[PDB]
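Q: Kindly generate the corresponding structure for this input.
(9 chains, ligands or ions: 19)
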Amino acid sequence: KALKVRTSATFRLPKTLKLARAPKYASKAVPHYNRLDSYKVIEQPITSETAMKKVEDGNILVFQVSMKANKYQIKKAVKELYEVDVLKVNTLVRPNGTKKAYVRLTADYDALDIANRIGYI
Amino acid sequence: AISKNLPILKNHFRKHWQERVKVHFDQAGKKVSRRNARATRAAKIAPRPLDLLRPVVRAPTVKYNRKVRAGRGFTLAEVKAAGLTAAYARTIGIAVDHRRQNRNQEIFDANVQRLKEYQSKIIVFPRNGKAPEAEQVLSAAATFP
Amino acid sequence: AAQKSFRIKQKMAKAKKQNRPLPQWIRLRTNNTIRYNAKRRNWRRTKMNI
Amino acid sequence: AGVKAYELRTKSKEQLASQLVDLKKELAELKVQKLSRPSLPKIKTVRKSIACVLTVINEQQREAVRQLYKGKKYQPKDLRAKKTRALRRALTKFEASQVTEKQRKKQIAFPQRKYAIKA
Amino acid sequence: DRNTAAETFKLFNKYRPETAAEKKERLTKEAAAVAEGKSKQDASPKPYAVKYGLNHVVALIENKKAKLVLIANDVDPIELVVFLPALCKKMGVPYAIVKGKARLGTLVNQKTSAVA
Amino acid sequence: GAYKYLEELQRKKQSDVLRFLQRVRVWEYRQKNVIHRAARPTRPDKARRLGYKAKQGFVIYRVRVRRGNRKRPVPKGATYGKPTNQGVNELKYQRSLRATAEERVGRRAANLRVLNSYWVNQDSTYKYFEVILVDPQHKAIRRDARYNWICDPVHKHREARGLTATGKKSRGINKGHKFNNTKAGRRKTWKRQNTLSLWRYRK
RNA sequence: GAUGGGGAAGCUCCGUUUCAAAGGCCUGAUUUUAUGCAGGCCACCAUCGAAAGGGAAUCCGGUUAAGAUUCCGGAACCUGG
RNA sequence: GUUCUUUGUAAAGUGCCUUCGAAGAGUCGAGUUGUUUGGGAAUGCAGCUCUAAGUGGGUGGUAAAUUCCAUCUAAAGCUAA
RNA sequence: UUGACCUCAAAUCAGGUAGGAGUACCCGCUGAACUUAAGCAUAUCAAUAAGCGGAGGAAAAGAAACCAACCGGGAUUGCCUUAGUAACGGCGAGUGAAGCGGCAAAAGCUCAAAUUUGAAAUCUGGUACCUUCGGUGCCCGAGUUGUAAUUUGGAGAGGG
Ligand SMILES: [Mg+2]
Ligand SMILES: [Mg+2]
Ligand SMILES: [Mg+2]
Ligand SMILES: [Mg+2]
Ligand SMILES: [Mg+2]
Ligand SMILES: [Mg+2]
Ligand SMILES: [Mg+2]
Ligand SMILES: [Mg+2]
Ligand SMILES: [Mg+2]
Ligand SMILES: [Mg+2]
Ligand SMILES: [Mg+2]
Ligand SMILES: [Mg+2]
Ligand SMILES: [Mg+2]
Ligand SMILES: [Mg+2]
Ligand SMILES: [Mg+2]
Ligand SMILES: [Mg+2]
Ligand SMILES: [Mg+2]
Ligand SMILES: [Mg+2]
Ligand SMILES: [Mg+2]
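A: Residues are numbered from 1 along each chain as shown, chains lettered A, B, ... in the order given. Ligands and ions are numbered 1, 2, ... in the order given. The coordinates are given below.
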């Protein structure tokens, strides 16, 4: 009978229906537990005499953190374990290969009070 | 190169022959393994004589035709004369050859009569029942030289 | 190279930890044949070549 | 010291989770006390106890999954056999034992009889 | 000719092989007949259906058993059926070149049959 | 059936009907890719004679390979040797074209096993073959003891080692006096005939 | 420097838009509801390649044994929502 | 060895008489070129050209014609020690 | 207008499968030169070294388009022997197997080419159930451009 009207001398691949994966079995069937826990992002504070100066003076806490953690996780974890809001986070990689975090607490909180509450002063 | 009244020698040692040298240090060790293999093979087929009855047959090559020699299989025409099927015979211990023919009667009956003693000298255990004890011998060839 | 890649700085840390003399309590173990840290490196004589 | 495996297996998942979060707590405060005292070997038992709980937590989870996939093909790959690459690809004993009708009739009609050569 | 093609398809449609469903119930009846009538599987009447299958039909003309045969004009190895019209001519069996192996396939409850 | 007719007819390659088909078909195969899936065998008799069957797990690939000799892959023809080895243009490549077509198909579909191949058409520059490929992982082939033998790992890449119909022909293995050099393996026999055997008690 | 392709027994070679069926862009409907149908739109068609080429946005004062345009104080600006 | 199923109006084997008896093609083979072999008017392999038959075809280590004889049955495939 | 067929695509579609390592031995391709010839090109070193592709515990070969010329033997493989022989070779240097015989171990075989046509009798897959290296029922699909049964030349088939 009649033909389809083509207004373009270029032929393109037709759009076909794409299915959604419906696997017969799960990939691993046991989801991995949270790899980067709040107890794993921060492990131990730093007690160098220079670090203690920042705690008493600048209202700044110091922690050693896992190299896989970023500032979002560090800020999230500190306010979790210590129930204290965080002003800002500074991070650097120490020459020995570990990550050092400079956490500054809000003026409503005292770093020195938190520090000895943890157990070091 | 050529020095004295010495005969000509042909020593084929110009390739890297040292890389391909087999010294049979394992001659004694291999012999024991073969004997061990035979004993273990005998155990798994205990009643059976570890070998099949081979036909008697005349050698080719007029240098050798004066002598008689063991054959490979029993010439389906022969086993038919013995009164059994080739399928049955190979399940009993008679090797069967389908590509050698009979052209000398003296060989033919000797092989035919060879089968008839073997059929008399064996005890076939029933497929179902008591299966009498055998007291096996380890070579049918020695039974029928 | 003050401006360095993280991979080089990761090799940095291990080299710092490697450069350390033999622990003294190693001396006292039974059947101890180790005399000193033979794999010691110094920046003046041997370069890491990394 | 430390927690033993067998008595943990009698617990439930929520109790184990509470046990784990509690266990991680002291390891934190033991670590901060580690830098105070010259030495503290007590942390070793704490870390091992965490591993024991974590194995138990994982062990219970997999078994429940195994029951979930029990009695049906296409189980998750990590719950399958880890024999070798080759053996998994090899023919099973069923398919290897398959034989055509023509050969099966020959075997049934003409099996290797048991014979003896004495008389 | 399509008028002739329409008529012969009307003829052939009345002679169509039994489907999978009706075969299943058919043998059950014979099984029932075996159980009680003990008839030697001959309770069923003689079947009348179109013979299909390329190897099947070729042997039929060679035995001069096929009354009429049909050929698909669109067999994608043409050499499968090039010789066949000559073969029917030698045996005197009437033959017809018809359009559409798919049309034949529908006639025998299949996709392609290429011959009837 | 009609397989006898189709086989006999194929032997008349110079007949008018065959050459017309050969002329038309050879044009089509040039248009398509060098290697491409074939829906059904061009010669149904010839394929099934070589082992093909019309069921799942049987695959036919069409391949074209360039005809001619094998030029020596050497820069500017300078061989750097004695004049015996300076030949470049008239070299012959001991393996057949049919073989190297099988190897390339096998590489393309590594999950299948090469069984046989056959000539379908040719021209001045190319030769065309169809290859019989068997899927070992298919259940219909894992069963059916007539063909499950291919599933055994010993038959991986038969064409690469020369275990196909062509490979054994190319390897020159046959019974007879004319095949003394290649009867149980060209290199195997050579190592045998060049091995000095010494016993514990020198003979 | 892949891919589509074409060579090479082969390690790999050529080629980077080439004999390719080479895609997302936004608006609206549906508020069993998630997004397929409603449409329309467009034709490069991977990627890598500069710590001196292009490039969004910060300055001052003070502080350490050793850090700062990064830390403290003060005062700004850009991007996204 | 002990036991439960009876596979199964199933399957296989064996004599006589008669009619048949399907068996592998760009393959064998031939020419040329290269390589290789102890293979020598050419052992094998490969490229190009030609290319079949069915009481046919291959081999019988000197090429060819004529006349016989013997011996096997390719160009499809599996298989332990 | 509607529904098929054929061919060709797309899916992060449901399942799988291949890649790399080792490589002493094994199966092939490609492939030299030093050296010897008292020089040197054919030759020899060598159908080797290097390079490339491909498996297993062995691989490969394997049941004659064989060897034979005899009163014939009879799958393949390996040892002793044949034999430094027949033969090849600027017939120079050199190279060089095979039949028979003894022994070790021994194991045979299957597809296409036949119309079941009074019944595609065949098979993958999905689902449900079950005693799960799988089985049964049911449902799609593959397939007549041929999957089942029988036959493989030693035969064998249809008939009484
Ligand atoms: Mg930084
Ligand atoms: Mg070429
Ligand atoms: Mg490139
Ligand atoms: Mg870039
Ligand atoms: Mg820049
Ligand atoms: Mg510029
Ligand atoms: Mg500024
Ligand atoms: Mg400074
Ligand atoms: Mg500031
Ligand atoms: Mg070569
Ligand atoms: Mg030659
Ligand atoms: Mg060179
Ligand atoms: Mg010299
Ligand atoms: Mg000299
Ligand atoms: Mg010189
Ligand atoms: Mg090498
Ligand atoms: Mg093998
Ligand atoms: Mg083989
Ligand atoms: Mg040589």
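
Q: Only C-alpha atoms from now on, for both contacts and neighbour counts.
A: OK.

Q: would residue A:61 count as being in a strand?
A: Yes. Using DSSP: H, G, I helix; E, B strand; the rest coil, the assignment for residue A:61 is a strand.

Q: At the geometric centre of chain C, which residue do we find?
A: In chain C, the centroid-proximal residue (CA atoms, centre = their mean) is residue C:18; its distance is 2.2 Å.

Q: okay, now residue A:106: neighbour count?
A: Around residue A:106 there are 15 other residues, counting by other CA atoms under 10 Å in any protein chain shown.

Q: Against residue A:111, how distant is the residue lying closest to it once chain neighbours are set aside?
A: Closest residue in space to residue A:106, ignoring its immediate chain neighbours: residue A:87 at 5.1 Å, by CA to CA, 6 or more residues apart in numbering or on different chains. Applying CA to CA, to the nearest Å, the value for residue A:87 to residue A:111 is 12 Å.

Q: Find the residues that touch each one of these two.
A: residue A:105 (CA atoms under 8 Å, 6 or more residues apart in numbering or on different chains).

Q: what about residue B:35, helix or strand, and which?
A: Element membership for residue B:35 (DSSP states H and E) is helix B:27-44.

Q: Please name the nearest non-neighbouring residue to the closest residue to chain C within chain A.
A: Taking CA to the nearest CA, chain C has its nearest neighbour within chain A at residue A:96, 4.5 Å off. Closest residue in space to residue A:96, ignoring its immediate chain neighbours: residue C:13 at 4.5 Å, by CA to CA, 6+ apart.

Q: List the buried residues of the helix holding residue B:35.
A: Buried residues in helix B:27-44, counting neighbours by 16 or more other CA atoms under 10 Å in any protein chain shown, are found at residue B:42.

Q: is any part of that helix close to RNA strand H?
A: No. For helix B:27-44 and RNA strand H, the contact criterion (CA under 7 Å from any atom of the strand) is not met; the two come no nearer than 8.5 Å.

Q: ok so, going back, kindly indicate whether the residue nearest to residue A:106 is helix, strand or coil.
A: Assigned by three-state DSSP, the conformation of residue A:87 is strand.

Q: Kindly provide the distance from the residue nearest to the centre of chain C to residue C:12.
A: Residue C:18 sits 10 Å away from residue C:12 when distances are taken as CA to CA.

Q: cool, and residue A:33?
A: Using CA to CA, we find residue A:33 at a distance of 32 Å from residue C:12.

Q: Neighbour count for these two, which is higher?
A: The residue with more neighbours, out of residue A:33 and residue C:12, is residue C:12; 16 against 9, by other CA under 10 Å.

Q: The more buried one is in what secondary structure piece?
A: Using DSSP H and E, residue C:12 falls in helix C:6-18.

Q: Check the offset of that helix from the chain's centre.
A: Mean-position distance between helix C:6-18 and its chain equals 10 Å (CA atoms, centre = their mean, to the nearest Å).

Q: With stretch A:15-28 instead?
A: Centroid displacement of stretch A:15-28 relative to its chain, using CA atoms, centre = their mean, is 31 Å.

Q: how far does that stretch stretch from start to finish?
A: Counting by CA to CA, the terminal residues of stretch A:15-28 are separated by 33 Å.

Q: That one close to RNA strand I?
A: Yes. Stretch A:15-28 lies within reach of RNA strand I by CA under 7 Å from any atom of the strand, at A:16, A:18-25.

Q: I'd like to check what contacts that stretch. Which residues are they?
A: Counting by CA under 8 Å, 6+ apart, D:74-78 sit against stretch A:15-28.

Q: And the residue lying closest to residue C:34 once chain neighbours are set aside, how far from residue F:53?
A: Nearest non-adjacent residue to residue C:34, counting by CA to CA, 6+ apart: residue C:27, 7.6 Å away. For residue C:27, the distance to residue F:53 equals 77 Å [CA to CA].

Q: So what's the residue count around residue F:13?
A: Residue F:13 sits with 13 neighbouring residues when counted by other CA under 10 Å.

Q: Neighbours of the nearest residue in space to it that is not next to it in sequence, how many?
A: By the measure of CA to CA, 6+ apart, the closest residue to residue F:13 outside its immediate chain neighbours is residue F:19, 6.5 Å from it. Other residues near residue F:19 number 13, with proximity taken as other CA under 10 Å.

Q: Would you mind confirming that residue A:92 makes contact with residue A:101?
A: Yes. Counting by CA atoms under 8 Å, residue A:92 does reach residue A:101; the two are 6.6 Å apart.

Q: Other residues contacting the one helix or strand residue F:189 maps to?
A: Assigned by DSSP H and E, residue F:189 belongs to helix F:186-193. With CA under 8 Å, 6+ apart as the test, helix F:186-193 has contacts from B:20, F:171, F:181-182.
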